[PDB]
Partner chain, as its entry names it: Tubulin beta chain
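Shown here is one chain on its own, the form solved without the partner chain, set out as C-alpha cells.
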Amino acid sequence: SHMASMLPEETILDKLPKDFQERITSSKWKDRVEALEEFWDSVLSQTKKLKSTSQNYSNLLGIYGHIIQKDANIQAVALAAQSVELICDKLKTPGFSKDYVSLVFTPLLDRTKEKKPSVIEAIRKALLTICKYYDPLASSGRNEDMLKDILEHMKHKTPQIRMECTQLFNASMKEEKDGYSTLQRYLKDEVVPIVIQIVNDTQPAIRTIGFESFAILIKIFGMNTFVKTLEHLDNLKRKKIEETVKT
C-alpha cells in the first residue's frame, strides 16, 4: 500500500571469507590475488545496490587502500581499484562517506605512477567514479580538500602522475554542470600557474594534456579572462591552445 517499488539493497561484508584477512596479508602473491579475485568474481562484480545502514565498510576499503598504496603486485592493485570503484558506485552517497574516501583517494592518486595499461585503466576508473560522487569542484566547497590533492599531484615530480592527474582534473571540468564558482575561485591563483607548467613541459604527451586543460578553461570562462596568460606563452603554444579550443 505504498508508492515506491525499489531495488532491494544488498550486503557484502557478511560474505567476506573468514580467511580473507589472513590471505590478504599473506606474503605470497597468489594468496592475495586469489582472495581479491574470488571476492570480486563471486560477490562484488554482481552487486547492484549496497546497504549503508549498520554496514561499516572501513576495514575492507582500508585493506583495498593499503593494497593500492603499497602492494608490489600491480595485479592486486588493479583488483583493489576495481573493487573500490564498485563499492563507491553501488553504495553511492551518503553511504560512501568522506571518511571512506580518505582511505582510498590519495592512494589512488599516488598510484597513477603505474604504466601498465590494464592497471592504470583500473586506477583511472576508480578515480573518475569517486570524483563523480564527490565533485572536487563542488560549489559547496565541501570537496576542496580533494581538489587540492589533485592540484598537488599535478605538480608531482613523477611525469606519469602529473599527466594522469591533470587528465582527471580535466574530466572534472568537462563533467561540471552544477556550478563553476569553486573552479573560478581556484582559477587564477592555483590552477592557471600549474597548467602553465604542464603546457611548458619538455614532454609532448604532457604538453598535449596541458593544451586540453587550457582549451577547456577557455570554453568555460571565455578567452578574454586569459589574454594576459596567453600573451605570455610562446607564440606556438598559444596557437596550439586556440586550435584545440576549436577541436
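Positions refer to the first chain, counted from 1.
In this entry, the higher average B-factor at the C-alpha atoms falls on 108 to 116, of the pair 108 to 116 and 92 to 100. When the mean C-alpha temperature factors of 162 to 170 and 67 to 75 are read from the deposited coordinates, 67 to 75 comes out higher. Highest C-alpha temperature factor among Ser52, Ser58, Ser213, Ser27, as the PDB entry reports it: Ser27. Among the modelled residues of its chain, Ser140 has a C-alpha B-factor that falls in the highest third according to the deposited record. In the deposited entry, the Cα temperature factor of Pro193 sits in the middle third of values across the chain's modelled residues. Ranked against the other modelled residues of its chain, the C-alpha B-factor of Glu85 as given in the entry falls in the lowest third.
Below, we refer to the form deposited with the partner chain bound, which is not included among the displayed structures.
Contact with the partner chain in the deposited bound form, judged as any non-hydrogen atom within 4.5 angstroms, is confined among 84 to 92, 142 to 150, 158 to 166, 171 to 179 to 158 to 166. Residue contact check for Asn73: one or more of its heavy atoms lie within 4.5 Å of the partner chain in the deposited bound form. Heavy atoms of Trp29 reach within 4.5 Å of the partner chain in the deposited bound form, making it an interface residue.
Interface residue remark: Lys113 is counted as part of the site for the partner chain in the deposited bound form, having a heavy atom within 4.5 Å.
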